[PDB]
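> Below is one structure. I have some questions about it.
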Amino acid sequence: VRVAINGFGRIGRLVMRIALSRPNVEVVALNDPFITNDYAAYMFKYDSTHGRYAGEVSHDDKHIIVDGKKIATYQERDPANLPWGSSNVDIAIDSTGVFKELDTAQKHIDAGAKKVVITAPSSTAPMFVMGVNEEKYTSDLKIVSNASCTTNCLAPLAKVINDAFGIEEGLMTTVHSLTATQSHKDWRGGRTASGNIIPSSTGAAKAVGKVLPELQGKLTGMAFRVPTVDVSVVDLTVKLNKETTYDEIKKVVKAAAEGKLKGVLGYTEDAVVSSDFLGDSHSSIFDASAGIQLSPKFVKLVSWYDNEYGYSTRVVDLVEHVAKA
Ligand SMILES: *[C@H](CC(=O)Nc1ccc(C#C)cc1)C(=O)OC
């Protein structure tokens with residue numbers, strides 16, 4: 001599968017690291033009008049949290065070069081100008097977060113790509129979360145969104161819990177890290193991040209309603225942003241339809257993690273802390289020891305996620321899936 005990446009922020013760079021390692025995915029091109037090839041190579045080589053790339057990185061006037069593989073580079077403000085038809089780009093991965101609707105992501109189709117994968121939530125493109133609703137994709141949909149990293153953490157765990165015990169209602173808190181610098185629409189967010197706990201909204205709990213229609217209207221929540229490494233944790237307080245015990249929840253989650261959700265949902269019982277998940281490619285790692293059940297239908301469930309790395313692995317997953325179709 002021949003892919004091109006638009007945008008070389010955190011996500012585009014990690015999607016590229018992962019796609020270089022996928023045997024059936026070939027990275028053909030990169031586009032980003034705001035950086036030069038030498039900065040792109042620097043940014044790709046170094047990462048404060050996910051380590052130096054274990055391989056050789058350089059560049060020339062027309063490529064970024066990774067372990068010898070030359071990857072053509074472009075600087076187009078308008079993706080309609082990119083040579084995707086000429087380059088034979090099967091799937092364009094858009095990680096700019098600005099061409100994230102059906103009419104704007106269309107530009108990659110116009111430029112010659114067969115399909116587009118938006119690495120950001122979308123109001124108009126269909127949204128897919130691996131292990132939740134990817135079986136619902138059909139090969140006539142040409143533009144799709146991988147939702148958000150918090151949605152990717154919550155939705156697999158919510159699906160498992162709802163399938164086994166039913167969710168009547170749930171309230172979610174995410175203790176959310178500073179990913180990168182991501183302030184006149186959000187006053188709390190313009191305060192110094194570095195020493196503060198900063199409450200914030202989130203649409204993650206409601207976007208689960210898109211990929212799990214049966215949970216529509218049954219979840220909401222909020223976030224506390226903290227100044228830690230790029231690993232966050234979801235704190236899900238659910239009212240259940242059916243009585244259960246915490247050991248039963250553990251077995252159900254563990255079975256899904258070892259079975260149908262292998263590689264997407266993880267499971268631990270160790271005395272973990274957030275930095276133990278830097279680089280973890282799961283969407284959601286259930287922390288069995290951190291959760292707590294009060295009564296047979298009322299439980300707090302806890303799940304970790306590297307908010308860049310698991311998401312970016314799911315992106316390349318969705319790319320292969322959309323291609324396998
Ligand atoms: C996952 C990474 C991420 O969570 N970025 C993020 C989201 C919300 C806020 C706020 C307020 C800050 C940073 C991702 O990129 O999904 C879109």
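By convention here, the chains of the structure tokens are called A, B, ... in the order presented, each chain's residues are numbered starting at 1, and ligands are numbered starting at 1 in the order presented.
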Enumerate the residues of region 161-258 of chain A with a DSSP assignment of strand (DSSP E or B), computed from the backbone, and present them as JSON, numbers by chain.

{"A": [167, 168, 169, 170, 171, 172, 173, 174, 175, 176, 177, 198, 199, 200, 219, 220, 221, 222, 223, 224, 225, 226, 231, 232, 233, 234, 235, 236, 237, 238, 239, 240]}

> With a distance cut-off of 8 Å and only C-alpha atoms, select the neighbouring residues of residue 144 (chain A), excluding the residue or stretch itself and same-chain residues fewer than 3 positions from it, and output the selection as a PyMOL selection string.

chain A and resi 116-118+125-128+141

> Just to be explicit: take each residue in the selection above, keep N, CA and C atoms, and write the result as a PDB file, in the first residue's frame.


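Resulting contents of part.pdb:
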```pdb
ATOM      1  N   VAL A 116      -8.522   8.744   1.382  1.00  0.00           N
ATOM      2  CA  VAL A 116      -7.890   9.626   2.363  1.00  0.00           C
ATOM      3  C   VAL A 116      -8.181   9.137   3.779  1.00  0.00           C
ATOM      4  N   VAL A 117      -7.193   9.250   4.667  1.00  0.00           N
ATOM      5  CA  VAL A 117      -7.379   8.946   6.086  1.00  0.00           C
ATOM      6  C   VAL A 117      -7.031  10.195   6.881  1.00  0.00           C
ATOM      7  N   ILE A 118      -8.021  10.757   7.567  1.00  0.00           N
ATOM      8  CA  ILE A 118      -7.831  11.958   8.368  1.00  0.00           C
ATOM      9  C   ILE A 118      -7.428  11.542   9.781  1.00  0.00           C
ATOM     10  N   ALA A 125     -16.742  13.413   7.629  1.00  0.00           N
ATOM     11  CA  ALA A 125     -16.248  12.133   7.143  1.00  0.00           C
ATOM     12  C   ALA A 125     -16.591  11.039   8.147  1.00  0.00           C
ATOM     13  N   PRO A 126     -16.916   9.834   7.677  1.00  0.00           N
ATOM     14  CA  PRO A 126     -17.198   8.740   8.613  1.00  0.00           C
ATOM     15  C   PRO A 126     -15.981   8.438   9.481  1.00  0.00           C
ATOM     16  N   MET A 127     -16.252   8.101  10.737  1.00  0.00           N
ATOM     17  CA  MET A 127     -15.269   7.922  11.796  1.00  0.00           C
ATOM     18  C   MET A 127     -15.179   6.437  12.140  1.00  0.00           C
ATOM     19  N   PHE A 128     -13.953   5.948  12.330  1.00  0.00           N
ATOM     20  CA  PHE A 128     -13.698   4.533  12.576  1.00  0.00           C
ATOM     21  C   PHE A 128     -12.672   4.390  13.688  1.00  0.00           C
ATOM     22  N   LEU A 141     -16.614   4.057   0.569  1.00  0.00           N
ATOM     23  CA  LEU A 141     -16.252   5.256   1.311  1.00  0.00           C
ATOM     24  C   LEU A 141     -14.788   5.563   1.035  1.00  0.00           C
TER      25      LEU A 141
END
```

> Can you write out as CSV which residues of chain A fall within 7 Å of ligand 1, alongside each residue's closest atom pair and its distance in Å to one decimal, counting only C-alpha atoms and all ligand atoms and ordering rows by chain and ascending residue number?


```
residue,atom,partner,partner_atom_place_in_ligand_line,distance
A:120,CA,ligand 1,17 (C),5.0
A:121,CA,ligand 1,17 (C),6.4
A:147,CA,ligand 1,17 (C),6.8
A:148,CA,ligand 1,16 (O),3.4
A:149,CA,ligand 1,1 (C),3.8
A:150,CA,ligand 1,4 (O),6.0
A:178,CA,ligand 1,13 (C),6.5
A:179,CA,ligand 1,13 (C),5.7
A:182,CA,ligand 1,12 (C),5.3
A:189,CA,ligand 1,11 (C),6.9
A:200,CA,ligand 1,11 (C),5.6
A:201,CA,ligand 1,11 (C),6.6
A:202,CA,ligand 1,11 (C),6.9
A:307,CA,ligand 1,2 (C),4.7
A:308,CA,ligand 1,2 (C),5.5
A:311,CA,ligand 1,1 (C),6.7
```

> Pick out the residues sitting within 6 Å of region 25-41 of chain A, and hand them over as a ChimeraX atom specification; count only C-alpha atoms, and ignore anything fewer than 2 positions along from it in its own chain.

/A:1-7,19,22-23,43-44,58,71-77

> If we count only C-alpha atoms and set the cut-off at 12 Å, which residues sit around residue 217 (chain A), ignoring sequence neighbours fewer than 2 positions away in its own chain? Please answer as a list in words.

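Non-adjacent residues within range: residues 167, 168, 169, 170, 171, 205, 206, 207, 208, 209, 210, 212, 213, 214, 215, 219, 220 and 221 of chain A.
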
> Please produce a file of those selected residues containing N, CA and C atoms, as a compact mmCIF listing (two decimals), in the first residue's frame.


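So selection16.txt came out as:
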```txt
# COMPACT_ATOMS: atom_id res chain seq x y z
N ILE A 167 -23.83 -0.71 29.58
CA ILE A 167 -23.64 0.59 30.21
C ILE A 167 -24.98 1.30 30.21
N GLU A 168 -25.48 1.63 31.39
CA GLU A 168 -26.66 2.49 31.45
C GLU A 168 -26.27 3.94 31.25
N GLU A 169 -25.26 4.37 31.99
CA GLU A 169 -24.81 5.75 32.02
C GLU A 169 -23.34 5.74 32.39
N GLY A 170 -22.57 6.67 31.83
CA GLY A 170 -21.20 6.79 32.27
C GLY A 170 -20.70 8.22 32.33
N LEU A 171 -19.88 8.53 33.33
CA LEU A 171 -19.20 9.82 33.42
C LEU A 171 -17.69 9.58 33.37
N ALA A 205 -16.00 11.76 25.02
CA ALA A 205 -17.08 10.93 25.56
C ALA A 205 -18.30 10.93 24.65
N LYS A 206 -18.56 12.03 23.95
CA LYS A 206 -19.71 12.02 23.06
C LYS A 206 -19.38 11.42 21.70
N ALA A 207 -18.15 11.61 21.19
CA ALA A 207 -17.78 10.99 19.92
C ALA A 207 -17.81 9.46 19.98
N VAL A 208 -17.78 8.88 21.17
CA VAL A 208 -18.00 7.44 21.26
C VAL A 208 -19.39 7.09 20.74
N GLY A 209 -20.34 8.02 20.87
CA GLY A 209 -21.68 7.81 20.32
C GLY A 209 -21.71 7.61 18.81
N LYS A 210 -20.77 8.22 18.08
CA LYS A 210 -20.70 8.02 16.63
C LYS A 210 -20.27 6.60 16.28
N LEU A 212 -20.09 3.93 18.40
CA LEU A 212 -20.93 2.99 19.14
C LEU A 212 -22.31 3.60 19.28
N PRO A 213 -23.12 3.57 18.22
CA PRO A 213 -24.47 4.15 18.28
C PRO A 213 -25.29 3.74 19.49
N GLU A 214 -25.14 2.51 19.97
CA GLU A 214 -25.93 2.07 21.12
C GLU A 214 -25.56 2.83 22.39
N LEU A 215 -24.41 3.51 22.41
CA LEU A 215 -24.04 4.34 23.55
C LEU A 215 -24.35 5.82 23.33
N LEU A 219 -22.94 8.86 27.63
CA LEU A 219 -21.63 9.17 28.19
C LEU A 219 -21.37 10.66 28.03
N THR A 220 -20.76 11.25 29.05
CA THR A 220 -20.13 12.55 28.88
C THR A 220 -18.98 12.62 29.88
N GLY A 221 -18.32 13.77 29.95
CA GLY A 221 -17.18 13.86 30.83
C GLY A 221 -16.38 15.12 30.60
```

> Which residue gives the smallest distance to residue 197 (chain A) among A:20, A:181, A:225, A:46, with only C-alpha atoms counted?

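Smallest distance to residue 197 (chain A) is found for A:225.
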
> Going by DSSP on the backbone, which residues of region 42-218 of chain A come out as alpha helix (DSSP H)? List them as a VMD selection string.

chain A and resid 42 to 45 84 to 87 102 to 110 149 to 165 204 to 211

> For region 287-303 of chain A, please output as a list in words all residues within 7 Å (counting only C-alpha atoms; exclusion window: fewer than 2 positions along the same chain).

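Answer for this query is residues 233, 234, 235, 236, 237, 238, 239, 240, 241, 242, 243, 244, 245, 246, 250, 267, 268, 269, 284, 285 and 305 of chain A.
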
> Please, could you write that set of residues out with N, CA and C atoms as a short mmCIF file (atom, residue, chain, number, x, y, z; two decimals), in the first residue's frame?


```cif
data_model
loop_
_atom_site.label_atom_id
_atom_site.label_comp_id
_atom_site.auth_asym_id
_atom_site.auth_seq_id
_atom_site.Cartn_x
_atom_site.Cartn_y
_atom_site.Cartn_z
N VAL A 233 -4.57 9.16 30.94
CA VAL A 233 -5.30 8.07 31.56
C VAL A 233 -6.78 8.44 31.62
N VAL A 234 -7.63 7.49 31.26
CA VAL A 234 -9.07 7.66 31.28
C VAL A 234 -9.63 7.06 32.56
N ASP A 235 -10.53 7.78 33.20
CA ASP A 235 -11.13 7.43 34.47
C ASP A 235 -12.63 7.35 34.21
N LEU A 236 -13.16 6.14 34.01
CA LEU A 236 -14.54 5.95 33.55
C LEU A 236 -15.41 5.41 34.68
N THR A 237 -16.39 6.22 35.11
CA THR A 237 -17.31 5.82 36.18
C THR A 237 -18.66 5.48 35.56
N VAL A 238 -19.01 4.18 35.55
CA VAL A 238 -20.16 3.69 34.80
C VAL A 238 -21.20 3.06 35.72
N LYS A 239 -22.46 3.33 35.41
CA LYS A 239 -23.57 2.58 35.96
C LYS A 239 -23.89 1.43 35.01
N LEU A 240 -23.96 0.22 35.54
CA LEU A 240 -24.13 -0.94 34.67
C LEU A 240 -25.58 -1.41 34.67
N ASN A 241 -25.96 -2.08 33.58
CA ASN A 241 -27.28 -2.69 33.51
C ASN A 241 -27.34 -3.96 34.35
N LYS A 242 -26.29 -4.78 34.32
CA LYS A 242 -26.29 -6.09 34.95
C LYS A 242 -25.29 -6.13 36.11
N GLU A 243 -25.68 -6.78 37.21
CA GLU A 243 -24.79 -6.92 38.37
C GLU A 243 -23.55 -7.73 38.02
N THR A 244 -22.42 -7.35 38.61
CA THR A 244 -21.18 -8.07 38.38
C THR A 244 -20.25 -7.80 39.55
N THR A 245 -19.07 -8.42 39.50
CA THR A 245 -17.99 -8.20 40.46
C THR A 245 -16.78 -7.68 39.71
N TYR A 246 -15.84 -7.07 40.43
CA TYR A 246 -14.66 -6.54 39.75
C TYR A 246 -13.83 -7.65 39.13
N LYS A 250 -12.43 -7.81 35.34
CA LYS A 250 -11.04 -8.09 34.98
C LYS A 250 -10.94 -9.24 33.98
N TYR A 267 -3.88 -4.90 28.93
CA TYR A 267 -4.31 -5.23 30.28
C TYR A 267 -3.08 -5.35 31.15
N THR A 268 -3.09 -4.68 32.30
CA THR A 268 -2.03 -4.89 33.26
C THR A 268 -2.60 -4.95 34.66
N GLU A 269 -1.81 -5.56 35.55
CA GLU A 269 -2.04 -5.57 36.98
C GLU A 269 -0.83 -5.05 37.77
N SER A 284 -5.52 1.52 24.44
CA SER A 284 -6.13 1.52 25.76
C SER A 284 -5.45 0.42 26.57
N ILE A 285 -4.89 0.76 27.72
CA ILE A 285 -4.32 -0.27 28.60
C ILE A 285 -5.07 -0.20 29.91
N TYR A 305 -3.18 5.53 28.04
CA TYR A 305 -2.83 5.57 26.62
C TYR A 305 -1.72 6.59 26.37
#
```

> Report, in Å with one decimal, the straight-line distance from CA of residue 57 (chain A) to CA of residue 282 (chain A).

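Between CA of residue 57 (chain A) and CA of residue 282 (chain A) the gap is 26.3 Å.
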
> Work out how far CA of residue 317 (chain A) is from CA of residue 54 (chain A), in Å to one decimal.

21.5 Å

> Name the closest residue to residue 18 (chain A) among the candidates A:228, A:312, A:81, A:96; distances are taken between atoms, counting only C-alpha atoms.

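Closest residue, counting only C-alpha atoms: A:312.
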
> At what distance in Å, to one decimal, does CA of residue 196 (chain A) lie from CA of residue 177 (chain A)?

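Between CA of residue 177 (chain A) and CA of residue 196 (chain A) the gap works out to 11.4 Å.
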
> Might you pull out every residue within 6 Å of residue 224 (chain A), with only C-alpha atoms counted and same-chain residues fewer than 4 positions away left off, and present them as a PyMOL selection string?

chain A and resi 175-176+198-199

> Go ahead and dump the residues you just picked, N, CA and C atoms, as a PDB file, in the first residue's frame.


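Done, and the output landed in result.pdb:
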```
ATOM      1  N   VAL A 175      -7.307  12.355  32.829  1.00  0.00           N
ATOM      2  CA  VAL A 175      -6.120  13.075  33.282  1.00  0.00           C
ATOM      3  C   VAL A 175      -5.164  13.114  32.096  1.00  0.00           C
ATOM      4  N   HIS A 176      -5.003  14.295  31.520  1.00  0.00           N
ATOM      5  CA  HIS A 176      -4.591  14.452  30.143  1.00  0.00           C
ATOM      6  C   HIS A 176      -3.263  15.195  30.084  1.00  0.00           C
ATOM      7  N   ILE A 198      -5.250  22.000  34.930  1.00  0.00           N
ATOM      8  CA  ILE A 198      -6.110  22.873  34.122  1.00  0.00           C
ATOM      9  C   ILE A 198      -7.329  22.104  33.622  1.00  0.00           C
ATOM     10  N   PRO A 199      -8.517  22.326  34.179  1.00  0.00           N
ATOM     11  CA  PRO A 199      -9.701  21.625  33.670  1.00  0.00           C
ATOM     12  C   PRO A 199      -9.983  22.016  32.229  1.00  0.00           C
TER      13      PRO A 199
END
```
